[PDB]
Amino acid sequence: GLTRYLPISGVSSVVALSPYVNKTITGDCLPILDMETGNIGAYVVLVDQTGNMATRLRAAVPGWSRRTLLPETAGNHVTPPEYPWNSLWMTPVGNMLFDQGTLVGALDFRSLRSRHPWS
């Protein structure tokens, strides 16, 4: 398969390892800490208020609802593939398998019809 996905604890979400290089983006930023160094090599950037991460954050941080300037929806998406059975299905990207624990998708994410802030 191609694209790999990293589950995030405490939310029904995954980091898709399909990079879009050298883009600029605006929103509410959550630091990602490297635990062994304390370096911050990456940030989670929320661009609207609907999603599992938004829900979790509202619960973790009750002022954020009132402080944020984000839209409720900003429009970004991937178009979920059509159904084919006997498969392992993840709605936004389709067929999956487990490889020594890691989530691997059959398709490359970059190749589904998606829209992001830089489009």
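A residue's number is simply how far along the shown sequence it sits, counting from 1.
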query: Sequence continuity check, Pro84 and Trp85 (deposited residues unmodelled); finding: 4 to 9
query: Per the entry, higher mean C-alpha B factor between 61 to 69 and 89 to 97; finding: 61 to 69
query: Cα B factor band for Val15 (lowest, middle or highest third within the chain); finding: lowest
query: Cα B factor band for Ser114 (lowest, middle or highest third within the chain); finding: middle
query: Record-listed C-alpha B factor of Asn39: chain third; finding: highest
query: Third of the chain, ranked by Cα B-factor, where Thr79 sits; finding: lowest
query: Third of the chain, ranked by Cα B-factor, where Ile25 sits; finding: highest
